[PDB]
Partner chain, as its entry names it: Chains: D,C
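In the form deposited without its partner chain, a lone chain appears below as structure tokens.
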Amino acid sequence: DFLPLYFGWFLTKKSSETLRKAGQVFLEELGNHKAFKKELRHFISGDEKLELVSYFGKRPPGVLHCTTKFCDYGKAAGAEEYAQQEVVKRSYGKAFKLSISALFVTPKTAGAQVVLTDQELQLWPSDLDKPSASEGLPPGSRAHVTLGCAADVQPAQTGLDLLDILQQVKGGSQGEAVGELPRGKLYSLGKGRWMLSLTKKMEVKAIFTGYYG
């Protein structure tokens, strides 16, 4: 039995649509915000204003998801080990609620930050080789829903972008709200990194299962 392309929490139609809409609204608001317009030179090398919805042109089609373990049908290291865990097998097909704490944007990716519960964290892989960007941060910090990518950006970048943002927030808690959007306060972590910290945690319903391409 070969494995999925990856395991993860696949948002329901309703949840996906709601989160997708919130993301689109955020990109729109952020692109119209003066704090962002002034900092456009740290975001692109090209010279007006930038519609971020077109900037993040590569978007997931259909239902949004929060990936746990990328398996590539068993070719990814640790894939077999992850899939054979009892909690994975037991949780397969089960419904969960994911807590979205923030939306974020970088020159590469737009996404939503997922804060996993302890129960859900048991489904988070503990692999042998880690990205060093996760050092000193709690397990599962990388948890995210990808909303969009710049044209030449590759997958798994959104997870990396998020960790880079979070290891800015831990060291400095960096920003007083440069703006106050209606869903929360807006942070500018420099270098084209933006974060909307939601006053209000968004809850999305999802199913833990495997995607097979």
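Numbering follows the first chain given and starts at 1.
Just so it is clear, the following notes concern the form solved in complex with its partner chain, a form of the same protein that is not shown.
- Within 4.5 Å of some heavy atom of its partner chain in the deposited bound form lies at least one heavy atom of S141.
- At a distance threshold of 4.5 angstroms between non-hydrogen atoms, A83 is out of contact with its partner chain in the deposited bound form.
- Among residues of the shown chain, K185 is one whose heavy atoms approach its partner chain to within 4.5 Å in the deposited bound form.
- Looking at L121, you'd find a heavy atom of it within 4.5 angstroms of its partner chain in the deposited bound form.
- Site residues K37, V105 and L181 are none of them in contact with its partner chain in the deposited bound form, judged by any heavy atom within 4.5 Å.
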